[PDB]
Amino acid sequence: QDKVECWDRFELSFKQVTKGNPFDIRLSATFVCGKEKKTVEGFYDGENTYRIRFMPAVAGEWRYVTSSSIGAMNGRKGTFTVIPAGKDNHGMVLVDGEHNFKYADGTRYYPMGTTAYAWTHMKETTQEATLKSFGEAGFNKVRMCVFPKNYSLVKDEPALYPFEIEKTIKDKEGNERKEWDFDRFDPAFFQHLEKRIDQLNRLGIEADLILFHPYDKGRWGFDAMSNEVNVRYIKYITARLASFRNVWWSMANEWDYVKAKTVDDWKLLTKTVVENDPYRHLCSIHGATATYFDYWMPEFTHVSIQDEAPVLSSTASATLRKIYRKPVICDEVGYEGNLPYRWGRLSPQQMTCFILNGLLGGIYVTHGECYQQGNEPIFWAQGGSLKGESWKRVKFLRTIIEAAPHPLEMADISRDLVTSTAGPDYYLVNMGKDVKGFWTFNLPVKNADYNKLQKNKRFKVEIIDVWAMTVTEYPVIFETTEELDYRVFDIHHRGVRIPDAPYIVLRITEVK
C-alpha cells in the first residue's frame, strides 16, 4: 500500500511455508522517515501468510527493513509515502495534562462511552443490530471483551475462539468439552475482532478492549491460562492491534475476581502490554465495586473504575482528580435496566444523574443498559437494540460539554458543591434534585485556576433541562457585585425562575 494517511495503517504481507509452528516464527520491521524511526513486531495470519502492520505518525517518504528467523522474510526492503491525515482522521486518543484527553491532532476528546461486553461473540444478526445502535446513539467509546463472556443471562456459545481446538472430550458430567491448543491461535477470531474495531473507528468510537476477565470460570478456561500463554497472547494481539488507532487497552474487567491471577501477575501482564505497544495507547484496569488498583504506576494512562461512590456528587468526582492527577473514568457505576441485580437496575434518570454528576465534577462516566425481555439480547453484555431512555440524554449531554471552551471542573472545590466552570466567565450550575421554582443569582468569586470573577460583568443564563433535552434562554441579564464573603451576587439581588423539576443545569456566560 504505497500511500497512506498519517495514523492509518501500512501493512506488509509475505507468503511463506514453514516446517514448524508458524506462530513461533520471529518477524519484525524497522520503519524510518528522517529522524522518525520505529521497530514493530509482525505476526502469522494463517494460510501461509505473515503480516507486519505499522501506524505512521509523521508525513513524508518512508522506508522499511524487515528482520526474521526465516531468511526469505529477512532483510526485505521497500518504501511508501505517508500523507497528512484527512479532516475526520484525528489519530489516537492521548492524555492531555493531568485530567483530560485529546486526539493526536489536538482535537478535544471527552469519553462518553457505553458497555457491550460480549457483542463480538453474538450471532451475526445481533452484531449488525449492535452496529446500528452504535450509529444512532451518541457514544464514542465501548467497553468490550476480547475473550467470550460466560455469565448469568449470557450463555450463547461463540462461533469463533482464540485458539485451535486440540481435541474434544466427554467430560466429568458427560458433556462435550474443548481442549485448546494454546500454541496455535485461530486467526479468524482476530480477523473478526479487527473487522468490528474498524467499523467502530468509522463510527468515531474508541474500542476499550478488555484483554482479560473473570466471566469464564472453567467454561473455556481463558481466565486461567499459564503466564507463558498469557504473554504469548498479549504479544500476538498487540502485534495485530497496536496499529489500530482507536484501541485502548483495558487489562481487565473486575481484575480482583480473576482468582487464577495475583496482583504480581497483573503487573507483569501490564508491563508486557506496554512493552509491546510501539505507539502508547491508553491503558488502564477495572476492578470490582470500590476496588482501586495502584493506578499511580506509570504503565497506566488513566483511572478506570467500578464505583458509584464518586458519582454520588460532583465534589466526590472532583476529589479523585486531585488524588490521581491522571484522567478519571468511572467506567461502571450501575446500568439502566430491570435486572434483579443491583448493578443493573438503575432508572434512566439515575443513570443520567450519575453521568451528569461525574461530568460536572471533571471526570468521565460510562453508560450501560440491561433490559431483559424474553430471549432478546440484553445490551450491556450482548449488544442488540437499545431499549432504555438514558442513552438519548447522554447524546444531548455531549452537545453541551463539547460546546464549552475547555473541560469541566469545580469552580471552588470542596466549598461550592454546585458550580462547575469550563472557562473564564463560563459556568454550569447544577440546581440539584431538590425541586424548586427559583435560584438566587450567586457564584463563587474563585473560578478554578482562571482569574477571579469580576464585578460589573453582565451574564446571560440558559436553563438546560437535562432530562427533557432542552435549552431555554432566560430574558434577564445579571450584573455581578464585588466579592462578598467569597461569593458574587447580582447587583439587584435578582435570580432565575426555573421549572420545578430535577436535573436542571444553568449555563451562565458573559453577554458578548
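Note that residue numbering follows the sequence shown and begins at 1.
- As recorded in the PDB entry, 369-377 is the stretch of 310-318 and 369-377 with the greater mean C-alpha temperature factor.
- Stretches 176-184 and 294-302 differ in mean CA B factor, with 176-184 having the higher one.
- As recorded in the PDB entry, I25 shows the highest C-alpha B-factor of the residues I25, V496, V488, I504.
- Of the candidates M469, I463, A29, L453, the one whose C-alpha carries the top B factor in the deposited record is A29.
- Looking at the C-alpha B-factors along this chain, the one for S152 belongs to the highest third.
- The PDB entry assigns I165 a C-alpha temperature factor belonging to the highest third of its chain's modelled residues.
- Sort the chain's modelled residues by C-alpha temperature factor and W220 lands in the middle third, per the entry.
- Placement of the Cα temperature factor of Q191 within the chain: middle third of the modelled residues, per the deposited record.
- In this PDB entry, the Cα temperature factor of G361 sits in the bottom third of its chain's modelled residues, the lowest group.
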